[PDB]
Structures are given as structure tokens and as C-alpha cells.
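Participant: My structure is stored as start18.cif, with mmCIF, C-alpha atoms and all ligand atoms.
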data_query
loop_
_atom_site.label_atom_id
_atom_site.label_comp_id
_atom_site.auth_asym_id
_atom_site.auth_seq_id
_atom_site.Cartn_x
_atom_site.Cartn_y
_atom_site.Cartn_z
CA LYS A 41 120.59 84.89 106.41
CA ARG A 42 117.57 84.85 104.00
CA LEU A 43 115.23 87.89 104.03
CA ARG A 44 112.09 87.27 106.17
CA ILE A 45 109.01 88.91 104.54
CA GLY A 46 105.75 89.43 106.39
CA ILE A 47 102.42 89.10 104.57
CA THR A 48 98.85 89.89 105.57
CA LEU A 49 96.21 88.60 103.11
CA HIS A 50 96.34 85.37 101.05
CA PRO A 51 96.94 87.09 97.61
CA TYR A 52 100.16 88.74 98.92
CA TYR A 53 101.54 85.29 99.95
CA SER A 54 101.05 84.22 96.31
CA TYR A 55 102.64 87.47 94.99
CA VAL A 56 105.69 87.34 97.31
CA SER A 57 106.17 83.53 96.91
CA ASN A 58 106.24 83.91 93.09
CA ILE A 59 108.68 86.91 93.32
CA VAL A 60 111.18 85.42 95.82
CA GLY A 61 110.95 81.63 95.27
CA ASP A 62 113.48 79.94 97.62
CA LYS A 63 115.64 83.16 98.01
CA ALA A 64 113.51 84.56 100.85
CA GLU A 65 111.12 83.44 103.60
CA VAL A 66 107.40 84.36 103.22
CA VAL A 67 105.87 84.70 106.71
CA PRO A 68 102.09 85.05 107.29
CA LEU A 69 101.36 87.57 110.12
CA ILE A 70 98.19 85.81 111.22
CA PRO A 71 97.72 81.97 111.23
CA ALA A 72 95.93 79.96 108.49
CA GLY A 73 92.30 79.23 109.52
CA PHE A 74 91.69 82.75 110.92
CA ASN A 75 89.96 85.69 109.16
CA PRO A 76 90.89 89.19 110.61
CA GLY A 77 87.20 90.19 110.46
CA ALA A 78 87.11 89.39 113.32
CA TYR A 79 90.23 87.75 114.88
CA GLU A 80 92.37 89.28 117.66
CA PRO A 81 96.16 88.88 117.13
CA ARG A 82 97.96 86.94 119.90
CA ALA A 83 101.21 87.93 121.68
CA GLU A 84 102.77 85.06 119.61
CA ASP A 85 101.76 86.86 116.33
CA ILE A 86 103.09 90.22 117.58
CA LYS A 87 106.40 88.59 118.78
CA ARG A 88 106.87 87.11 115.25
CA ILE A 89 107.17 90.66 113.76
CA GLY A 90 110.49 90.97 115.66
CA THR A 91 111.86 88.11 113.47
CA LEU A 92 110.92 89.89 110.18
CA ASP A 93 112.93 92.24 107.89
CA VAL A 94 109.95 93.76 105.96
CA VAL A 95 106.11 93.55 105.91
CA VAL A 96 104.16 93.71 102.58
CA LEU A 97 100.90 95.67 103.07
CA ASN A 98 97.66 96.01 101.07
CA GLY A 99 97.60 99.37 103.00
CA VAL A 100 94.30 100.70 101.57
CA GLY A 101 91.85 99.18 104.13
CA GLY A 102 92.48 95.46 103.67
CA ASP A 103 94.91 94.94 106.55
CA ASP A 104 94.62 97.68 109.22
CA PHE A 105 95.32 94.87 111.83
CA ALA A 106 98.90 94.61 110.47
CA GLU A 107 99.81 98.27 111.19
CA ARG A 108 98.40 97.85 114.78
CA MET A 109 100.44 94.59 115.28
CA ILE A 110 103.63 96.35 113.98
CA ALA A 111 103.10 99.33 116.39
CA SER A 112 102.84 96.84 119.35
CA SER A 113 105.93 94.81 118.24
CA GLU A 114 109.65 94.98 119.00
CA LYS A 115 110.27 96.45 115.47
CA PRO A 116 107.62 99.28 115.11
CA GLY A 117 109.82 101.00 112.48
CA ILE A 118 110.25 97.78 110.39
CA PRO A 119 110.40 98.44 106.61
CA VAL A 120 106.94 98.19 105.02
CA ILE A 121 105.98 97.69 101.36
CA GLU A 122 102.91 99.72 100.33
CA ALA A 123 101.86 97.25 97.52
CA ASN A 124 99.10 99.53 96.16
CA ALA A 125 101.23 102.72 95.81
CA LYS A 126 100.77 102.84 91.98
CA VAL A 127 97.28 101.26 91.84
CA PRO A 128 94.35 103.57 90.86
CA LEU A 129 91.75 103.02 93.64
CA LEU A 130 87.94 102.60 93.56
CA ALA A 131 85.58 104.38 95.99
CA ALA A 132 83.79 102.39 98.66
CA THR A 133 80.03 103.15 98.28
CA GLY A 134 76.79 102.51 100.20
CA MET A 135 75.21 103.06 103.67
CA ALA A 136 77.67 100.51 105.24
CA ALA A 137 80.82 102.07 103.64
CA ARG A 138 79.62 105.61 104.61
CA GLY A 139 78.65 104.50 108.15
CA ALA A 140 82.17 102.99 108.60
CA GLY A 141 84.11 105.97 107.16
CA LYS A 142 85.45 103.62 104.41
CA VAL A 143 86.66 105.82 101.52
CA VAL A 144 88.32 103.23 99.30
CA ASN A 145 87.52 99.67 98.26
CA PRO A 146 90.71 97.63 99.24
CA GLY A 147 90.04 94.55 97.03
CA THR A 148 92.57 95.68 94.38
CA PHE A 149 93.91 92.09 94.32
CA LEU A 150 90.71 90.90 92.47
CA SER A 151 91.98 92.76 89.36
CA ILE A 152 94.77 91.02 87.28
CA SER A 153 96.17 94.37 86.00
CA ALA A 154 96.25 95.66 89.64
CA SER A 155 97.94 92.45 90.82
CA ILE A 156 100.66 92.95 88.15
CA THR A 157 101.25 96.56 89.39
CA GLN A 158 101.47 95.26 93.05
CA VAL A 159 103.84 92.42 92.07
CA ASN A 160 106.11 94.93 90.26
CA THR A 161 105.95 97.36 93.24
CA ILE A 162 106.85 94.46 95.75
CA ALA A 163 109.68 93.09 93.54
CA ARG A 164 111.24 96.60 93.22
CA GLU A 165 111.16 97.32 96.93
CA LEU A 166 112.40 93.78 97.84
CA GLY A 167 115.46 94.31 95.60
CA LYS A 168 116.22 97.61 97.39
CA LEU A 169 116.20 95.65 100.74
CA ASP A 170 118.06 92.62 99.33
CA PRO A 171 120.28 93.88 96.39
CA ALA A 172 121.99 90.48 95.96
CA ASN A 173 118.62 88.97 94.85
CA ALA A 174 117.24 92.12 93.01
CA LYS A 175 117.85 90.58 89.53
CA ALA A 176 116.13 87.28 90.47
CA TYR A 177 113.09 89.08 92.05
CA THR A 178 112.65 91.14 88.84
CA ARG A 179 112.98 88.11 86.54
CA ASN A 180 110.38 86.17 88.74
CA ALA A 181 108.00 89.17 88.81
CA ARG A 182 108.19 89.25 84.94
CA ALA A 183 107.46 85.48 84.62
CA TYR A 184 104.57 85.78 87.19
CA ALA A 185 103.03 88.86 85.35
CA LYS A 186 103.26 86.93 82.04
CA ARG A 187 101.12 84.09 83.53
CA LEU A 188 98.68 86.56 85.05
CA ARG A 189 98.27 88.42 81.66
CA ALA A 190 97.55 85.14 79.87
CA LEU A 191 94.72 84.49 82.44
CA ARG A 192 93.31 88.05 81.76
CA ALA A 193 93.69 87.63 77.96
CA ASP A 194 91.93 84.18 78.02
CA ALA A 195 88.87 85.54 79.94
CA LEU A 196 88.75 88.68 77.74
CA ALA A 197 88.82 86.44 74.60
CA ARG A 198 85.90 84.31 75.94
CA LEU A 199 83.81 87.47 76.71
CA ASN A 200 84.61 88.84 73.18
CA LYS A 201 82.21 86.15 71.83
CA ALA A 202 79.29 87.63 73.92
CA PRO A 203 77.03 90.66 72.98
CA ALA A 204 77.38 94.10 74.77
CA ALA A 205 73.81 93.93 76.29
CA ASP A 206 74.82 90.75 78.29
CA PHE A 207 77.48 92.87 80.03
CA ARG A 208 74.73 94.80 81.90
CA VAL A 209 74.88 93.17 85.40
CA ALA A 210 74.11 94.20 89.01
CA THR A 211 75.78 93.45 92.39
CA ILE A 212 75.05 92.82 96.07
CA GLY A 213 77.90 94.84 97.55
CA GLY A 214 81.11 96.04 95.91
CA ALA A 215 83.63 93.28 96.79
CA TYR A 216 84.36 92.36 93.15
CA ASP A 217 84.32 95.98 91.78
CA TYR A 218 87.97 95.84 90.50
CA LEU A 219 87.35 92.46 88.71
CA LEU A 220 84.04 93.51 87.10
CA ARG A 221 85.46 96.85 85.96
CA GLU A 222 88.57 95.17 84.47
CA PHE A 223 86.57 92.62 82.44
CA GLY A 224 84.29 95.36 81.07
CA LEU A 225 81.10 94.56 83.00
CA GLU A 226 78.56 97.42 83.39
CA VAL A 227 77.12 97.55 86.92
CA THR A 228 73.43 98.75 86.53
CA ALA A 229 72.82 99.03 90.33
CA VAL A 230 74.42 98.03 93.64
CA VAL A 231 72.08 96.37 96.15
CA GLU A 232 73.24 97.02 99.74
CA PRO A 233 74.01 93.77 101.66
CA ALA A 234 71.31 93.17 104.31
CA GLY A 235 71.36 90.59 107.13
CA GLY A 236 74.27 88.31 106.15
CA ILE A 237 74.31 84.80 104.56
CA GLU A 238 71.19 83.75 106.49
CA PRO A 239 68.87 86.80 106.28
CA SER A 240 65.56 87.08 108.16
CA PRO A 241 62.36 86.61 106.04
CA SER A 242 61.91 90.46 106.16
CA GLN A 243 65.60 91.06 105.10
CA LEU A 244 65.31 88.46 102.27
CA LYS A 245 62.01 90.01 101.03
CA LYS A 246 63.67 93.46 100.75
CA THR A 247 66.59 91.95 98.73
CA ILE A 248 64.13 90.07 96.37
CA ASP A 249 62.06 93.33 95.98
CA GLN A 250 65.22 95.29 94.98
CA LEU A 251 66.20 92.51 92.53
CA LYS A 252 62.86 92.05 90.66
CA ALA A 253 62.84 95.90 90.15
CA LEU A 254 66.13 95.52 88.09
CA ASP A 255 66.37 94.99 84.26
CA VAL A 256 69.42 92.62 84.43
CA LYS A 257 69.43 88.78 84.76
CA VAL A 258 72.95 88.27 86.24
CA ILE A 259 73.90 89.35 89.79
CA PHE A 260 77.32 89.02 91.42
CA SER A 261 76.89 88.68 95.16
CA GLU A 262 79.39 89.58 97.91
CA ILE A 263 77.15 87.46 100.18
CA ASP A 264 77.55 83.77 99.52
CA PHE A 265 74.05 82.53 100.32
CA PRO A 266 73.28 78.86 101.00
CA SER A 267 71.56 77.07 98.00
CA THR A 268 68.03 77.34 99.54
CA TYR A 269 68.25 81.18 99.66
CA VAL A 270 69.72 81.29 96.11
CA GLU A 271 66.86 79.00 94.89
CA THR A 272 64.24 81.33 96.54
CA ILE A 273 65.91 84.53 95.20
CA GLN A 274 66.06 83.08 91.65
CA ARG A 275 62.47 81.69 91.66
CA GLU A 276 60.97 84.88 93.19
CA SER A 277 62.94 87.54 91.24
CA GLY A 278 63.96 85.73 87.98
CA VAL A 279 67.64 86.80 88.38
CA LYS A 280 70.63 84.36 88.56
CA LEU A 281 72.90 84.86 91.60
CA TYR A 282 76.68 84.27 91.23
CA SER A 283 79.28 84.28 93.95
CA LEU A 284 83.05 84.69 93.58
CA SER A 285 86.04 83.80 95.84
CA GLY A 286 87.57 86.63 97.82
CA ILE A 287 90.83 84.54 98.08
CA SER A 288 90.78 84.64 101.94
CA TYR A 289 90.16 81.01 103.11
CA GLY A 290 92.40 78.09 104.08
CA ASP A 291 96.07 77.58 103.39
CA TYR A 292 98.60 80.03 102.12
CA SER A 293 100.18 78.77 98.89
CA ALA A 294 102.09 80.24 95.95
CA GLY A 295 99.39 79.05 93.47
CA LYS A 296 96.26 80.06 95.44
CA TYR A 297 95.94 83.52 93.80
CA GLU A 298 96.11 82.21 90.20
CA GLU A 299 94.08 79.02 90.88
CA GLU A 300 91.12 81.00 92.39
CA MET A 301 91.30 83.87 89.88
CA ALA A 302 91.04 81.29 87.05
CA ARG A 303 87.83 79.98 88.70
CA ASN A 304 86.42 83.49 89.35
CA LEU A 305 86.96 84.41 85.70
CA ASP A 306 85.32 81.03 84.74
CA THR A 307 82.21 82.04 86.76
CA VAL A 308 82.06 85.58 85.22
CA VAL A 309 82.42 84.08 81.68
CA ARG A 310 79.81 81.31 82.44
CA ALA A 311 77.41 83.96 83.93
CA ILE A 312 77.57 86.19 80.76
CA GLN A 313 77.53 83.20 78.29
CA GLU A 314 74.45 81.75 80.11
CA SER A 315 72.71 85.21 79.89
NA NA B 1 87.59 95.57 104.38
NA NA B 2 106.89 102.76 102.91
NA NA B 3 82.94 94.74 100.98
NA NA B 4 58.23 88.65 105.36
NA NA B 5 73.43 80.19 90.04
NA NA B 6 103.03 78.76 105.10
#
Represent the supplied structure as C-alpha cells.
Facilitator:
Amino acid sequence: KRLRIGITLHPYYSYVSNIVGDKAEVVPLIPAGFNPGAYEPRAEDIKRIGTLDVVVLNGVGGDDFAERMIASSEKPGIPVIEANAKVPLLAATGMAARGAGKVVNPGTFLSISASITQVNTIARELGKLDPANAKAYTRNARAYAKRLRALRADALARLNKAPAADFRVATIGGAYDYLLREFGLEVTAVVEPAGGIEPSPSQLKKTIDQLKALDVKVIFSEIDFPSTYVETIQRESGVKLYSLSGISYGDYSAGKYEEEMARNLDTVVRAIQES
């Protein structure tokens, strides 16, 4: 009776939940506790696609697993929502991105303005599939966007207090590229991620060497290093390492996206205010 909407990544559960409310069912494609980098979808997950009416996709490199799961299902021609259709995309850069054939950065969801565009795109397409609830989906998308804009405005107001020189930062990877660009942060250099969260002494040395060579004091890292590594990096290079949430862990909830974006924007503001 109610429309059954498939979702891939955690932010899309928040988007769809806030758009539909109780009027439709929001169905995660892959279970909570599992990251699709790497996790192999079960027959149970593929069978579930046969119970859905539409699948919302990031569709720009964030959820390639979803298109493969759909092709193997009982509904390969199921309606799909390309959430990023109207979102201007950022290039994926570095040795790793080039070596993987990655053209675009898919983390559009870490931008508030991009999330608003995706929410409006989902709400429009959902109403085409379920005309009876089209008015409600639009009204909910408007209320959701309003809350999201207030979050963007609040962070932008707190950064307005800070001088333009403080906005010169650097990164380890490009995971937060859409967020940093949106909040007017100038990325001086991008240090290529080497060796994971627990790098070898040789891999850590190379990172510290690349960091001390920089003229910035704040670094946003894609790699969430344990405190001992952070402590060593900071003491040996004089930079301050900050990590943000990629909104990809634990339970699916309607509030997850906004709760974690609030915190990410708190870290960015704290980083610049402390510099
Ligand atoms: Na990716
Ligand atoms: Na489509
Ligand atoms: Na990345
Ligand atoms: Na060494
Ligand atoms: Na720190
Ligand atoms: Na759930």
C-alpha cells in the first residue's frame, strides 16, 4: 500500500525519512553495521529489491554496489532516483583517484546546499511515483531545507567573526571537499593519504615531512588517526589535525544527517577560531 523506497548511504535515509515521514517506507539496501568498502551483498539483500518501488541513488561513485544489486534482482528495471542530477560536481584528484579511474568526488552530501538540491530532486521524483502524497513530500522537503539552511547560516555567521588568513587550510585527502568549499575554506595543498589509520614509521615520516613543509596550521584529515599518531604529527610538524564524520557509521535515523553535520560544522568553526 505505502511506497517502499530503497536507500544506499546513511545521508539518503535522513533525506528520504524527512521528505516522506510516515507516508512511505524507507528501506536500507545493505544492513546497519556494514560499510560497502568492502562488504559483499547477500542473496537476502538482493531479494529485498524485489519488494521495493524505487531506489534513491547517490549515483556519482558513492554507491556503485546498489546498481550491481539492482541488476542481479527480480526488478532490474526498478525506478531509480538520481539524487545528484542538479548538483555541480567536484573532481576527484590525486594518485589514488587517478589510479582508480575516479573522475568525480561523490561526497556531495557533506555540503548543505548540495543536500538541499538532492532533497528537492528526491521529493519531486517521489511525487511523480506517488501523486497522492506529492503535496506532503514537497511541504516536508521545504521544512527540511529550512532547517538545513539555518545550520549553514549559523556556521557561516560564526566564521564571519574570523580573519581571511585563518581560512588558509590543507587536507589529507579530498573527502570533505564539498564542505570546505561551501564554508569558504581555501585548501593550500592536498596531502595524499598514505598507509591508513595506523601507518608504518616510514609512511608516517613522509606525511610529517609533507606537513612541516606547509604554511598552514589547520589540517582536515580524511584519515582518522588514533590519538598517539595525532600527538606525534602535531608535535613533529606544528600543525593541528582535525577529523570530520563521513556520516557512514551505525544506525540509520532521520536525524543522523543533521546531528552529524552540526558537529562537523562545530569542528570546522573550532579549528578556524583556534587558529
Ligand atoms: Na568512494
Ligand atoms: Na532515472
Ligand atoms: Na576519498
Ligand atoms: Na622511519
Ligand atoms: Na586536534
Ligand atoms: Na531502519
Participant: Residues proximal to (101.0, 98.5, 93.8) were defined as those with any atom within 12 Å of that point in the file's coordinates, counting only C-alpha atoms. Which are they, as an MDAnalysis selection string?
Facilitator: chainID A and resid 52 55 96:100 121:129 146 148:149 151:165
Participant: Please report the interatomic distance between atom CA of residue 300 of chain A and atom CA of residue 230 of chain A in Å with one decimal.
Facilitator: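 The value is 23.9 Å.
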Participant: What is the distance between atom CA of residue 279 of chain A and atom CA of residue 226 of chain A, in Å to one decimal?
Facilitator: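 Interatomic distance, atom CA of residue 279 of chain A to atom CA of residue 226 of chain A: 16.0 Å.
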Participant: Taking into account all atoms listed in the file, which residue in the set A:221, A:301, A:173, A:166 is nearest to ligand NA 2 (chain B)?
Facilitator: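 Answer, going by the shortest atom-to-atom distance: A:166.
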Participant: Taking only C-alpha atoms and all ligand atoms into account, report as a short mmCIF file (atom, residue, chain, number, x, y, z; two decimals) with C-alpha atoms, in the coordinates of the input which residues have an atom no farther than 12 Å from an atom of ligand NA 5 (chain B).
Facilitator:
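Result saved to out_34.cif:
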data_model
loop_
_atom_site.label_atom_id
_atom_site.label_comp_id
_atom_site.auth_asym_id
_atom_site.auth_seq_id
_atom_site.Cartn_x
_atom_site.Cartn_y
_atom_site.Cartn_z
CA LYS A 257 69.43 88.78 84.76
CA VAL A 258 72.95 88.27 86.24
CA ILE A 259 73.90 89.35 89.79
CA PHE A 260 77.32 89.02 91.42
CA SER A 261 76.89 88.68 95.16
CA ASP A 264 77.55 83.77 99.52
CA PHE A 265 74.05 82.53 100.32
CA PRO A 266 73.28 78.86 101.00
CA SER A 267 71.56 77.07 98.00
CA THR A 268 68.03 77.34 99.54
CA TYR A 269 68.25 81.18 99.66
CA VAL A 270 69.72 81.29 96.11
CA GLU A 271 66.86 79.00 94.89
CA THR A 272 64.24 81.33 96.54
CA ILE A 273 65.91 84.53 95.20
CA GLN A 274 66.06 83.08 91.65
CA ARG A 275 62.47 81.69 91.66
CA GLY A 278 63.96 85.73 87.98
CA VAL A 279 67.64 86.80 88.38
CA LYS A 280 70.63 84.36 88.56
CA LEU A 281 72.90 84.86 91.60
CA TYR A 282 76.68 84.27 91.23
CA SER A 283 79.28 84.28 93.95
CA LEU A 284 83.05 84.69 93.58
CA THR A 307 82.21 82.04 86.76
CA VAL A 308 82.06 85.58 85.22
CA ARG A 310 79.81 81.31 82.44
CA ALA A 311 77.41 83.96 83.93
CA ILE A 312 77.57 86.19 80.76
CA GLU A 314 74.45 81.75 80.11
CA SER A 315 72.71 85.21 79.89
#
Participant: Please identify all protein, DNA and RNA residues within 8 Å of ligand NA 6 (chain B), counting only C-alpha atoms and all ligand atoms, and report them as a compact mmCIF listing (two decimals) with C-alpha atoms, keeping the file's coordinate frame.
Facilitator:
# COMPACT_ATOMS: atom_id res chain seq x y z
CA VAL A 66 107.40 84.36 103.22
CA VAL A 67 105.87 84.70 106.71
CA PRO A 68 102.09 85.05 107.29
CA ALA A 72 95.93 79.96 108.49
CA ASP A 291 96.07 77.58 103.39
CA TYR A 292 98.60 80.03 102.12
CA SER A 293 100.18 78.77 98.89
Participant: Could you pull out the residues sitting within 10 Å of ligand NA 3 (chain B), using only C-alpha atoms and all ligand atoms, and write them as a PyMOL selection string?
Facilitator: chain A and resi 102+132-134+136-137+142+145-147+212-217+233+262-263+286
Participant: Kindly provide, as a list in words, all nucleotide and amino acid residues lying within 9 Å of ligand NA 4 (chain B), counting only C-alpha atoms and all ligand atoms.
Facilitator: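 Taking only C-alpha atoms and all ligand atoms into account, the residues around ligand NA 4 (chain B) at most 9 Å away are residues 240, 241, 242, 243, 244, 245 and 246 of chain A.
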Participant: Quick one, how far is atom CA of residue 104 of chain A from atom CA of residue 57 of chain A?
Facilitator: 22.0 Å
Participant: Of the candidates A:231, A:309, A:109, A:239, which one gets nearest to residue 201 of chain A if we count all atoms listed in the file?
Facilitator: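 Smallest distance to residue 201 of chain A is found for A:309.
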Participant: Need the shell around segment 76-91 of chain A: protein/DNA/RNA residues with any atom at most 12 Å away, counting only C-alpha atoms. Skip same-chain ones fewer than 6 positions apart. Format as a short mmCIF file (atom, residue, chain, number, x, y, z; two decimals) with C-alpha atoms, keeping the file's coordinate frame?
Facilitator:
data_model
loop_
_atom_site.label_atom_id
_atom_site.label_comp_id
_atom_site.auth_asym_id
_atom_site.auth_seq_id
_atom_site.Cartn_x
_atom_site.Cartn_y
_atom_site.Cartn_z
CA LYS A 41 120.59 84.89 106.41
CA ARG A 42 117.57 84.85 104.00
CA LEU A 43 115.23 87.89 104.03
CA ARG A 44 112.09 87.27 106.17
CA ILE A 45 109.01 88.91 104.54
CA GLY A 46 105.75 89.43 106.39
CA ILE A 47 102.42 89.10 104.57
CA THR A 48 98.85 89.89 105.57
CA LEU A 49 96.21 88.60 103.11
CA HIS A 50 96.34 85.37 101.05
CA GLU A 65 111.12 83.44 103.60
CA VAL A 66 107.40 84.36 103.22
CA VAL A 67 105.87 84.70 106.71
CA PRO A 68 102.09 85.05 107.29
CA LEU A 69 101.36 87.57 110.12
CA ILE A 70 98.19 85.81 111.22
CA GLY A 101 91.85 99.18 104.13
CA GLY A 102 92.48 95.46 103.67
CA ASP A 103 94.91 94.94 106.55
CA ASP A 104 94.62 97.68 109.22
CA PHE A 105 95.32 94.87 111.83
CA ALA A 106 98.90 94.61 110.47
CA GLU A 107 99.81 98.27 111.19
CA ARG A 108 98.40 97.85 114.78
CA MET A 109 100.44 94.59 115.28
CA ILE A 110 103.63 96.35 113.98
CA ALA A 111 103.10 99.33 116.39
CA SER A 112 102.84 96.84 119.35
CA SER A 113 105.93 94.81 118.24
CA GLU A 114 109.65 94.98 119.00
CA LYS A 115 110.27 96.45 115.47
CA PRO A 116 107.62 99.28 115.11
CA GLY A 117 109.82 101.00 112.48
CA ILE A 118 110.25 97.78 110.39
CA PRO A 119 110.40 98.44 106.61
CA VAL A 120 106.94 98.19 105.02
CA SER A 288 90.78 84.64 101.94
CA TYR A 289 90.16 81.01 103.11
#
Participant: For residue 194 of chain A, which of A:209, A:248, A:140, A:302 is the closest residue, counting all atoms listed in the file?
Facilitator: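 Checking each of A:209, A:248, A:140, A:302 against residue 194 of chain A, counting all atoms listed in the file, the winner is A:302.
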Participant: For residue 297 of chain A, which of A:223, A:184, A:207, A:74 is the closest residue, counting all atoms listed in the file?
Facilitator: A:184
Participant: Between A:174, A:200, A:144, A:73, single out the one closest to ligand NA 1 (chain B), counting all atoms listed in the file.
Facilitator: A:144
Participant: Give the padded box for segment 42-50 of chain A as JSON: axis-aligned, covering all atoms listed in the file, 8 Å on each side, centre and edge lengths in Å to one decimal.
Facilitator:
{"center_x": 106.9, "center_y": 87.4, "center_z": 103.7, "size_x": 37.4, "size_y": 21.0, "size_z": 21.3}
